[PDB]
Amino acid sequence: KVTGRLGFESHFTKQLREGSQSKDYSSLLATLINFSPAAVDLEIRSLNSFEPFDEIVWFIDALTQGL
Amino acid sequence: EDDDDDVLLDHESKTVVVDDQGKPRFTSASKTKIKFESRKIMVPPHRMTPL
Amino acid sequence: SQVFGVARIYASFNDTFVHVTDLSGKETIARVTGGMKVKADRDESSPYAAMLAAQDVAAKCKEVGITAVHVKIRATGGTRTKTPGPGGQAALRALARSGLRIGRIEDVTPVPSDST
Amino acid sequence: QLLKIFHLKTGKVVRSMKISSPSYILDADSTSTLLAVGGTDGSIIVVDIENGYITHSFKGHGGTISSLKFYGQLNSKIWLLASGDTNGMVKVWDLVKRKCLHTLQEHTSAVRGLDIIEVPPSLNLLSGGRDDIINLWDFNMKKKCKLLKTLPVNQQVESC
Amino acid sequence: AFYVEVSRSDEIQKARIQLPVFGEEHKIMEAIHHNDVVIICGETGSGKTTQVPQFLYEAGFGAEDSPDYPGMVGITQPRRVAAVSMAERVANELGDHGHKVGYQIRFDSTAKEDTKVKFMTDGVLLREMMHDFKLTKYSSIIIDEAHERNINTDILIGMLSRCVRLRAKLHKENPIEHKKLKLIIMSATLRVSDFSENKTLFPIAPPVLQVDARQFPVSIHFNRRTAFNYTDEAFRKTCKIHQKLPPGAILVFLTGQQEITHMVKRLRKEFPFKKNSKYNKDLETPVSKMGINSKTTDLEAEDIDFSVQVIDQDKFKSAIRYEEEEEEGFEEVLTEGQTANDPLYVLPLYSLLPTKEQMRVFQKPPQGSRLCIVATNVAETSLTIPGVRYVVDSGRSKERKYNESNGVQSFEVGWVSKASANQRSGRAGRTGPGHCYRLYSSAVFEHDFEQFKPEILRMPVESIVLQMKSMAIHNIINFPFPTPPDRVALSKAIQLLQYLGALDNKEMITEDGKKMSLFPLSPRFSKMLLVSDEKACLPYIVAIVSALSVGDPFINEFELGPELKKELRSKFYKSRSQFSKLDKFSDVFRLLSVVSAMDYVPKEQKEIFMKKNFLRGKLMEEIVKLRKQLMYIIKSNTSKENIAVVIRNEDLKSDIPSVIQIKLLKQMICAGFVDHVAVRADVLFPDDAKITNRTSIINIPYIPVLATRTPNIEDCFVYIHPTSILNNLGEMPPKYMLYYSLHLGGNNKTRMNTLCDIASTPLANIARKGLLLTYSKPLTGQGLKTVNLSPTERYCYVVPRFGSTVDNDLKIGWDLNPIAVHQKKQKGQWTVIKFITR
Ligand SMILES: Nc1ncnc2c1ncn2[C@@H]1O[C@H](COP(=O)(O)OP(=O)(O)O)[C@@H](O)[C@H]1O
């Protein structure tokens with residue numbers, strides 16, 4: 001059944017887009033370390049991988065700035 | 001916050017108009033049952049009460 | 001307006017015959033057997049053999065022009081089984097299915113009055 | 001099961017219809033795009049072949065249906081159909097008004113081989129048969145009459 | 001190599017010497033030898049339509065022996081009647097070479113074998129060029145009468161400029177692997193600078209030439225009045241001409257096939273033959289009447305109805321009110337041997353004629369009978385009639401007229417220009433000193449006849465770029481037109497076609513896009529009439545699109561709105577709340593039901609409903625005129641039998657829709673106007689909206705898609721029009737509304753043209769085909785899980801976002817309710833196939 005207030009996107013990809021426009025990913029990694037591994041797999045399996053590759057190169061540069 | 005529910009999915013004539021190259025072209029046809037058969041089978045009167 | 005043939009379906013042993021005639025009896029139309037469809041010599045009395053035999057007879061008789069068939073089942077008679085085998089019902093089911101109107105199913109198997 | 005194969009490089013089954021009776025006579029027009037087919041009961045369907053489906057039904061008749069013919073000149077407004085028969089008759093239909101033009105009961109066997117032409121709407125036709133009679137008619141558009149019989153000694157099949 | 005020997009007959013040879021197109025042939029062929037793009041600025045009555053391809057065959061175009069030009073020759077008449085008539089003409093002209101001439105008028109016709117100098121049609125060689133972007137075959141291309149500024153001519157030369165550029169570029173280094181391409185353009189006027197000296201069309205400046213002729217004196221006569229029934233005016237005038245005037249044939253410039261056939265049968269009735277041969281010839285001309293060639297051919301200006309026009313006598317006279325017995329042209333004496341009731345060799349000529357009536361113009365009449373043509377613009381520049389002296393002109397030609405943002409869109413017969421009108425009048429003094437009768441006054445001819453416009457200006461750019469996409473050219477933003485339109489507007493057109501589903505995100509046309517491009521109508525209405533062949537809603541939808549295309553029927557505030565005014569406004573509101581209103585309160589069901597009410601009325605009961613329920617007579621009659629024709633058009637294009645369909649009466653008339661059909665037509669008009677949607681501002685800015693019941697109903701702010709949201713308040717905040725059922729009842733407006741267009745009122749409030757209301761899900765189902773909405777990731781936080789079948793399938797549960805709020809550069813957009821989709825994983829992204837019902 002439906003459920004209201006599920007507005008556009010979850011906080012991982014929202015913070016990823018905000019971090020990519022803000023040139024650092026520190027809060028994104030602070031969330032990503034924090035939340036649960038089942039949820040981590042559930043978001044990281046769907047990273048919107050298609051022809052401009054924005055989300056996936058943002059994730060790779062986020063892990064670069066992480067380690 | 002009230003969402004509706006809608007699917008939104010997926011006679012004849014008596015004249016002609018032919019073509020620019022001859023070639024006539026008529027309008028549509030009307031629409032187009034199996035049989036009326038019968039079979040009689042006799043019952044011997046010792047299997048009558050079982051029937 | 002329909003016209004009538006007569007089936008004369010012969011449910012013999014080791015063979016099955018179907019040949020519709022016009023209802024005098026002289027001018028036979030499309031004699032087939034059970035042998036001239038299957039290729040094994042073991043089941044030329046097959047129900048399947050009689051089935052496609054009756055299908056081919058139905059096609060040829062609709063080609064000629066007869067639409068209904070008074071059907072007459074004959075077993076081999078004599079001092080023998082006196083009663084139709086399976087091939088008779090097989091041909092009957094086939095040409096009752098195959099678009100042909102059926103009339104007056106009978107039994108014309110000969111009865112001996114105690115011959116030899 | 002009626003099918004049509006486009007003869008060109010697309011040799012696929014373009015259209016496929018389920019006709020009523022097993023038929024044994026077909027004729028396409030002198031032009032293209034008209035195909036008439038009549039079964040072995042009384043039903044003569046005609047089909048526009050481009051966008052292939054039924055354009056006329058023509059229940060009409062009686063008995064199994066013998067040979068038939070079109071009347072086609074390119075860019076006309078006449079478009080008749082000939083419609084022979086087994087019990088001897090010729091029942092001419094048009095295609096622009098879906099009406100039986102003239103009922104003609106005169107023959108004695110299967111009316112094979114009939115043909116339609118005009119000579120100055122005159123439109124003389126000629127219908128042979130398995131009987132030995134070729135029996136041409138004047139065949140006006142409103143009301144028709146007869147002329148000579150001229151009797152060949154054959155069993156005429158497709159008297160062109 | 002140089003040339004092959006040609007031959008012609010003696011009388012056509014001396015006719016070519018007598019007509020002045022033989023004088024400039026050597027200078028033209030040397031300009032062709034020295035430059036490819038050659039301009040000719042001739043005229044009608046010269047001979048340049050006929051004999052210049054014969055000059056090209058003389059020059060060696062079509063000669064296999066020349067290694068420079070071994071190719072085909074294509075002559076591109078824009079009208080297929082012109083193509084076949086000039087095909088048989090040059091087949092007569094080349095004579096013993098005359099079997100080398102051919103025609104190709106539709107796409108299904110391919111090249112005939114015996115020709116090397118072949119005629120064709122504009123759309124025919126554009127589809128030829130489309131599937132042959134290289135154009136190996138044709139050594140030359142002849143664009144005649146390109147002065148008309150057709151959309152086909154514009155797209156034609158816009159492709160042909162880059163075509164001849166790339167072909168010459170590949171040829172000039174190597175003649176073996178690449179041949180030349182000689183482009184030869186003609187015209188009737190001399191304003192060919194928009195073809196030659198346009199730097200966007202041609203950075204390289206091409207040479208311009210002339211080769212015009214001579215003309216006998218045309219005596220032009222303008223009438224003291226101007227008649228309403230121009231057919232009866234022209235008929236009365238032409239019976240007086242054939243009764244009293246000296247001999248010389250007649251050309252009657254009139255409008256359409258129906259009027260022309262009526263005038264031809266009336267002229268044959270007035271001047272009949274006793275002879276059976278000529279009587280049967282006129283009978284054949286009256287019998288062979290119509291042809292359409294809907295899809296598998298090129299199209300012309302004989303769609304014969306897309307026109308919401310209307311008329312009256314006070315309307316005509318108020319249009320020509322600047323104009324404030326012995327009549328001109330009635331001067332010369334009737335000659336002996338010419339009876340007043342002479343037989344007349346009458347011939348119709350419209351573009352929808354068969355070939356065996358298109359050849360009968362050029363036959364000499366019986367002796368004692370005078371020749372006569374009743375026609376339209378085919379005999380203006382392409383064709384010319386050998387023997388006319390009197391031409392008589394109604395001054396009205398059927399073309400495209402469309403004005404914007406108000407629901408006026410008509411393919412109507414307007415008023416012809418001054419230049420084209422004088423070009424029509426110049427066919428009078430053509431065989432001798434002739435007489436043109438213009439069926440109006442010279443004050444009318446002064447005022448409402450403009451001097452010098454293109455179809456690319458008269459037609460919407462969305463249909464223009466859809467036409468280019470169906471012809472499969474993709475570099476449209478920088479494509480060389482003579483009048484390149486507004487780049488803002490054509491980018492909005494590409495955006496609109498992406499919104500409607502004609503164009504994908506890589507800009508290639510879809511099948512639904514080609515079925516839109518087949519229509520001679522707007523892309524929005526074409527989408528409507530393509531989609532609504534579902535669950536018996538087509539009479540309702542054709543009534544709605546006919547109403548929006550004809551205009552407002554309701555007499556509402558062009559009048560009142562003390563002792564009778566109150567009762568009249570009260571009974572007017574009662575007529576609103578009567579049979580105009582029974583179904584809902586959205587907006588447009590009244591606009592459906594007033595036309596559904598035109599079935600509940602006998603014909604002699606005609607005036608009482610308009611005069612009671614406040615409807616306009618001519619617009620209410622032309623909507624029920626337009627409905628039959630529009631249903632004919634869309635049934636002809638989408639049904640399985642193209643041409644042979646007919647329209648009966650009750651199926652254009654009516655039935656009554658209950659609930660499923662009103663919500664289905666609601667999503668149909670959503671598919672019509674998917675980018676003219678609007679939201680109540682509580683779901684974007686609930687603080688600025690001030691959502692209360694005592695705010696007036698024309699003050700609850702609405703916000704459109706794709707519009708910029710700057711920190712000013714009233715940027716997107718556009719409001720409801722007073723002429724809806726809101727502002728009349730106004731209880732609580734539903735959140736998502738539709739409009740047709742926007743009109744700014746005097747209080748700087750952009751009022752609307754509101755239509756209907758959707759909640760979430762038919763809006764999503766409509767938008768799915770379009771490229772409006774961008775999906776989210778699968779959202780299964782508290783809900784039920786995504787079920788897969790495969791690594792490329794998905795049964796997930798996603799919220800859609802309408803107005804593309806990803807990287808929000810102020811294009812305002814809103815989310816929808818969550819919906820279950822069925823994805824397919826195309827090329828890295830997850831497109832959607834369908835939805836899932838509950
Ligand atoms: N199909 C045809 N048959 C006979 N004569 C024609 C035909 N078409 C045009 N003509 C005549 O040829 C002459 C030359 O005109 P044409 O070359 O067709 O146009 P333009 O003057 O624009 O070049 C005209 O006077 C016209 O009457």
# chains A, B, ... in the order shown; residues from 1 in each chain; ligands from 1
call {"tool": "closest_atom_pairs", "arguments": {"of": "chain B", "to": "chain E", "cutoff": "12 Å", "atoms": "only C-alpha atoms", "output": "JSON lines"}}
result
{"residue": "B:1", "atom": "CA", "partner": "E:759", "partner_atom": "CA", "distance": 8.1}
{"residue": "B:2", "atom": "CA", "partner": "E:759", "partner_atom": "CA", "distance": 6.8}
{"residue": "B:3", "atom": "CA", "partner": "E:759", "partner_atom": "CA", "distance": 5.1}
{"residue": "B:4", "atom": "CA", "partner": "E:759", "partner_atom": "CA", "distance": 5.6}
{"residue": "B:5", "atom": "CA", "partner": "E:761", "partner_atom": "CA", "distance": 6.9}
{"residue": "B:6", "atom": "CA", "partner": "E:762", "partner_atom": "CA", "distance": 6.3}
{"residue": "B:7", "atom": "CA", "partner": "E:837", "partner_atom": "CA", "distance": 7.6}
{"residue": "B:8", "atom": "CA", "partner": "E:664", "partner_atom": "CA", "distance": 6.2}
{"residue": "B:9", "atom": "CA", "partner": "E:765", "partner_atom": "CA", "distance": 8.0}
{"residue": "B:10", "atom": "CA", "partner": "E:534", "partner_atom": "CA", "distance": 8.0}
{"residue": "B:11", "atom": "CA", "partner": "E:648", "partner_atom": "CA", "distance": 8.5}
{"residue": "B:12", "atom": "CA", "partner": "E:646", "partner_atom": "CA", "distance": 8.8}
{"residue": "B:13", "atom": "CA", "partner": "E:646", "partner_atom": "CA", "distance": 7.0}
{"residue": "B:14", "atom": "CA", "partner": "E:646", "partner_atom": "CA", "distance": 9.4}
{"residue": "B:15", "atom": "CA", "partner": "E:644", "partner_atom": "CA", "distance": 8.2}
{"residue": "B:16", "atom": "CA", "partner": "E:644", "partner_atom": "CA", "distance": 6.3}
{"residue": "B:17", "atom": "CA", "partner": "E:644", "partner_atom": "CA", "distance": 5.8}
{"residue": "B:18", "atom": "CA", "partner": "E:291", "partner_atom": "CA", "distance": 6.3}
{"residue": "B:19", "atom": "CA", "partner": "E:291", "partner_atom": "CA", "distance": 5.2}
{"residue": "B:20", "atom": "CA", "partner": "E:291", "partner_atom": "CA", "distance": 5.8}
{"residue": "B:21", "atom": "CA", "partner": "E:354", "partner_atom": "CA", "distance": 7.6}
{"residue": "B:22", "atom": "CA", "partner": "E:354", "partner_atom": "CA", "distance": 8.2}
{"residue": "B:23", "atom": "CA", "partner": "E:291", "partner_atom": "CA", "distance": 10.6}
{"residue": "B:24", "atom": "CA", "partner": "E:644", "partner_atom": "CA", "distance": 9.0}
{"residue": "B:25", "atom": "CA", "partner": "E:644", "partner_atom": "CA", "distance": 6.0}
{"residue": "B:26", "atom": "CA", "partner": "E:644", "partner_atom": "CA", "distance": 5.6}
{"residue": "B:27", "atom": "CA", "partner": "E:644", "partner_atom": "CA", "distance": 5.1}
{"residue": "B:28", "atom": "CA", "partner": "E:641", "partner_atom": "CA", "distance": 7.5}
{"residue": "B:29", "atom": "CA", "partner": "E:641", "partner_atom": "CA", "distance": 11.0}
call {"tool": "interface_residues", "arguments": {"of": "chain C", "to": "chain D", "cutoff": "12 Å", "atoms": "only C-alpha atoms", "output": "ChimeraX atom specification"}}
result
/C:1-3,58-67,98-100
call {"tool": "closest_atom_pairs", "arguments": {"of": "chain E", "to": "ligand 1", "cutoff": "6 Å", "atoms": "only C-alpha atoms and all ligand atoms", "output": "CSV"}}
result
residue,atom,partner,partner_atom_place_in_ligand_line,distance
E:43,CA,ligand 1,22 (O),5.1
E:44,CA,ligand 1,22 (O),3.3
E:45,CA,ligand 1,21 (O),3.4
E:46,CA,ligand 1,21 (O),3.6
E:47,CA,ligand 1,17 (O),3.3
E:48,CA,ligand 1,23 (O),3.3
E:49,CA,ligand 1,23 (O),3.5
E:50,CA,ligand 1,17 (O),4.0
E:85,CA,ligand 1,1 (N),4.2
E:86,CA,ligand 1,1 (N),5.1
E:89,CA,ligand 1,1 (N),4.5
E:362,CA,ligand 1,4 (C),5.7
E:381,CA,ligand 1,22 (O),5.3
E:382,CA,ligand 1,19 (O),5.5
E:383,CA,ligand 1,18 (O),5.1
E:384,CA,ligand 1,27 (O),4.1
E:385,CA,ligand 1,27 (O),4.3
E:386,CA,ligand 1,27 (O),4.0
call {"tool": "write_last_selection", "arguments": {"atoms": "N, CA and C atoms", "output": "PDB file, in the first residue's frame"}}
result
ATOM      1  N   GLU E  43       9.635  33.533 -65.089  1.00  0.00           N
ATOM      2  CA  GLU E  43       8.237  33.773 -64.754  1.00  0.00           C
ATOM      3  C   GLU E  43       7.367  32.768 -65.494  1.00  0.00           C
ATOM      4  N   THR E  44       6.072  32.800 -65.201  1.00  0.00           N
ATOM      5  CA  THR E  44       5.132  31.966 -65.933  1.00  0.00           C
ATOM      6  C   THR E  44       4.795  32.588 -67.281  1.00  0.00           C
ATOM      7  N   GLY E  45       4.487  31.724 -68.246  1.00  0.00           N
ATOM      8  CA  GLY E  45       4.329  32.135 -69.621  1.00  0.00           C
ATOM      9  C   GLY E  45       5.625  32.261 -70.388  1.00  0.00           C
ATOM     10  N   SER E  46       6.764  32.028 -69.739  1.00  0.00           N
ATOM     11  CA  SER E  46       8.047  32.111 -70.424  1.00  0.00           C
ATOM     12  C   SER E  46       8.354  30.821 -71.173  1.00  0.00           C
ATOM     13  N   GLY E  47       8.445  29.711 -70.446  1.00  0.00           N
ATOM     14  CA  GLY E  47       8.806  28.442 -71.046  1.00  0.00           C
ATOM     15  C   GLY E  47       9.915  27.747 -70.285  1.00  0.00           C
ATOM     16  N   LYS E  48      10.273  28.295 -69.124  1.00  0.00           N
ATOM     17  CA  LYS E  48      11.426  27.781 -68.393  1.00  0.00           C
ATOM     18  C   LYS E  48      11.073  26.536 -67.588  1.00  0.00           C
ATOM     19  N   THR E  49       9.786  26.309 -67.321  1.00  0.00           N
ATOM     20  CA  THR E  49       9.393  25.080 -66.635  1.00  0.00           C
ATOM     21  C   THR E  49       9.582  23.874 -67.550  1.00  0.00           C
ATOM     22  N   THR E  50       9.455  24.086 -68.857  1.00  0.00           N
ATOM     23  CA  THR E  50       9.457  22.977 -69.801  1.00  0.00           C
ATOM     24  C   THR E  50      10.840  22.724 -70.396  1.00  0.00           C
ATOM     25  N   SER E  85       2.058  16.391 -65.647  1.00  0.00           N
ATOM     26  CA  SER E  85       1.774  17.165 -66.851  1.00  0.00           C
ATOM     27  C   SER E  85       3.058  17.592 -67.547  1.00  0.00           C
ATOM     28  N   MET E  86       4.068  18.012 -66.786  1.00  0.00           N
ATOM     29  CA  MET E  86       5.335  18.317 -67.426  1.00  0.00           C
ATOM     30  C   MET E  86       6.089  17.059 -67.833  1.00  0.00           C
ATOM     31  N   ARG E  89       4.566  16.385 -71.099  1.00  0.00           N
ATOM     32  CA  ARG E  89       4.981  17.495 -71.951  1.00  0.00           C
ATOM     33  C   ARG E  89       6.378  17.276 -72.515  1.00  0.00           C
ATOM     34  N   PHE E 362      -5.460  20.229 -72.469  1.00  0.00           N
ATOM     35  CA  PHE E 362      -4.681  20.595 -73.646  1.00  0.00           C
ATOM     36  C   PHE E 362      -5.236  20.004 -74.937  1.00  0.00           C
ATOM     37  N   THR E 381       1.622  29.393 -61.759  1.00  0.00           N
ATOM     38  CA  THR E 381       3.013  29.464 -62.184  1.00  0.00           C
ATOM     39  C   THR E 381       3.498  28.181 -62.838  1.00  0.00           C
ATOM     40  N   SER E 382       3.110  27.021 -62.302  1.00  0.00           N
ATOM     41  CA  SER E 382       3.507  25.748 -62.896  1.00  0.00           C
ATOM     42  C   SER E 382       2.848  25.549 -64.252  1.00  0.00           C
ATOM     43  N   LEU E 383       1.527  25.469 -64.270  1.00  0.00           N
ATOM     44  CA  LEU E 383       0.795  25.253 -65.504  1.00  0.00           C
ATOM     45  C   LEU E 383       0.345  26.586 -66.087  1.00  0.00           C
ATOM     46  N   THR E 384       0.122  26.584 -67.397  1.00  0.00           N
ATOM     47  CA  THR E 384      -0.473  27.714 -68.094  1.00  0.00           C
ATOM     48  C   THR E 384      -1.311  27.142 -69.227  1.00  0.00           C
ATOM     49  N   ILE E 385      -2.426  27.795 -69.522  1.00  0.00           N
ATOM     50  CA  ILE E 385      -3.404  27.278 -70.474  1.00  0.00           C
ATOM     51  C   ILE E 385      -3.167  27.967 -71.814  1.00  0.00           C
ATOM     52  N   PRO E 386      -2.825  27.230 -72.868  1.00  0.00           N
ATOM     53  CA  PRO E 386      -2.579  27.855 -74.176  1.00  0.00           C
ATOM     54  C   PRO E 386      -3.848  28.270 -74.909  1.00  0.00           C
TER      55      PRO E 386
END
call {"tool": "closest_atom_pairs", "arguments": {"of": "chain A", "to": "chain B", "cutoff": "12 Å", "atoms": "only C-alpha atoms", "output": "CSV"}}
result
residue,atom,partner,partner_atom,distance
A:2,CA,B:3,CA,10.3
A:3,CA,B:1,CA,10.9
A:4,CA,B:1,CA,8.6
A:5,CA,B:1,CA,10.7
call {"tool": "write_last_selection", "arguments": {"atoms": "N, CA, C and O atoms", "output": "CSV table (one decimal), in the first residue's frame"}}
result
chain,number,residue,atom,x,y,z
A,2,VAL,N,0.3,2.4,-0.3
A,2,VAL,CA,1.1,3.6,-0.4
A,2,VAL,C,1.4,4.2,0.9
A,2,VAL,O,0.9,3.7,2.0
A,3,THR,N,2.3,5.1,0.9
A,3,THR,CA,2.8,5.8,2.2
A,3,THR,C,3.3,7.2,1.8
A,3,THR,O,4.2,7.3,1.0
A,4,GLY,N,2.6,8.2,2.4
A,4,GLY,CA,2.9,9.6,2.0
A,4,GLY,C,4.3,10.0,2.7
A,4,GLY,O,4.8,9.3,3.5
A,5,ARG,N,4.8,11.2,2.3
A,5,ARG,CA,6.0,11.8,2.7
A,5,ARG,C,7.2,10.8,2.5
A,5,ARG,O,7.9,10.4,3.4
call {"tool": "residues_around", "arguments": {"residues": "residue 114 in chain C", "least_positions_apart": "4", "cutoff": "12 Å", "atoms": "only C-alpha atoms", "output": "ChimeraX atom specification"}}
result
/C:78-80,110
call {"tool": "interface_residues", "arguments": {"of": "chain C", "to": "chain B", "cutoff": "8 Å", "atoms": "only C-alpha atoms", "output": "PyMOL selection string"}}
result
chain C and resi 101-102+104
call {"tool": "select_by_dssp", "arguments": {"residues": "range 137-254 of chain E", "states": "helix (DSSP H, G or I)", "output": "MDAnalysis selection string"}}
result
chainID E and resid 146:148 151:171 230:244
call {"tool": "interface_residues", "arguments": {"of": "chain E", "to": "chain A", "cutoff": "9 Å", "atoms": "only C-alpha atoms", "output": "list in words"}}
result
residues 775, 776, 777, 778, 779, 781, 782, 783, 784, 799, 800, 801, 807, 815, 816, 817, 818, 819, 827, 828, 829, 830 and 838 of chain E
call {"tool": "write_last_selection", "arguments": {"atoms": "C-alpha atoms", "output": "compact mmCIF listing (two decimals), in the first residue's frame"}}
result
# COMPACT_ATOMS: atom_id res chain seq x y z
CA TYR E 775 12.13 8.61 -11.79
CA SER E 776 13.61 8.04 -8.36
CA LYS E 777 15.45 5.05 -6.97
CA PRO E 778 13.31 2.20 -5.59
CA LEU E 779 11.98 3.29 -2.20
CA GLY E 781 12.02 2.06 3.65
CA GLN E 782 8.86 1.04 5.49
CA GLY E 783 6.92 -0.34 2.53
CA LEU E 784 6.98 -3.70 0.84
CA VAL E 799 7.76 8.00 -6.49
CA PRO E 800 7.90 10.01 -9.71
CA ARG E 801 9.09 13.61 -9.99
CA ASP E 807 19.85 20.03 -10.14
CA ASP E 815 6.56 15.08 -6.65
CA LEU E 816 3.65 12.70 -7.11
CA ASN E 817 2.18 9.87 -5.10
CA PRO E 818 4.14 6.57 -4.95
CA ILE E 819 3.37 4.09 -7.71
CA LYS E 827 21.50 0.47 -21.40
CA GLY E 828 22.30 1.33 -17.77
CA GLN E 829 19.16 3.25 -16.84
CA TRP E 830 15.81 1.75 -15.86
CA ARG E 838 -4.30 -2.22 -7.47
call {"tool": "residues_around", "arguments": {"residues": "residue 55 in chain C", "least_positions_apart": "4", "cutoff": "12 Å", "atoms": "only C-alpha atoms", "output": "list in words"}}
result
residues 18, 19, 30, 32, 33, 34, 37, 48, 49, 50, 51, 59, 60, 61, 62, 90, 91, 92, 93, 94, 95, 96, 97, 98, 99 and 100 of chain C
call {"tool": "residues_around", "arguments": {"residues": "residue 64 in chain A", "least_positions_apart": "2", "cutoff": "12 Å", "atoms": "only C-alpha atoms", "output": "PyMOL selection string"}}
result
chain A and resi 24-26+29+57-62+66-67
call {"tool": "residues_around", "arguments": {"residues": "residue 87 in chain C", "least_positions_apart": "6", "cutoff": "7 Å", "atoms": "only C-alpha atoms", "output": "list in words"}}
result
residues 11, 16, 45, 46, 47 and 50 of chain C
call {"tool": "write_last_selection", "arguments": {"atoms": "C-alpha atoms", "output": "PDB file, in the first residue's frame"}}
result
ATOM      1  CA  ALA C  11     -14.432 -51.203 -38.293  1.00  0.00           C
ATOM      2  CA  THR C  16     -10.414 -49.711 -40.879  1.00  0.00           C
ATOM      3  CA  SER C  45      -6.115 -50.581 -37.507  1.00  0.00           C
ATOM      4  CA  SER C  46      -4.974 -47.675 -35.344  1.00  0.00           C
ATOM      5  CA  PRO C  47      -7.501 -45.210 -33.937  1.00  0.00           C
ATOM      6  CA  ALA C  50      -8.709 -44.060 -38.773  1.00  0.00           C
TER       7      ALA C  50
END
call {"tool": "atom_distance", "arguments": {"atom1": "CA of residue 675 in chain E", "atom2": "CA of residue 524 in chain E"}}
result
10.2 Å
call {"tool": "residues_around", "arguments": {"residues": "residue 75 in chain C", "least_positions_apart": "4", "cutoff": "12 Å", "atoms": "only C-alpha atoms", "output": "JSON, numbers by chain"}}
result
{"C": [8, 9, 10, 11, 12, 13, 14, 15, 16, 17, 79, 80, 81, 82, 83, 84, 85, 86, 87, 88, 89, 106, 107, 108, 109, 110, 111]}
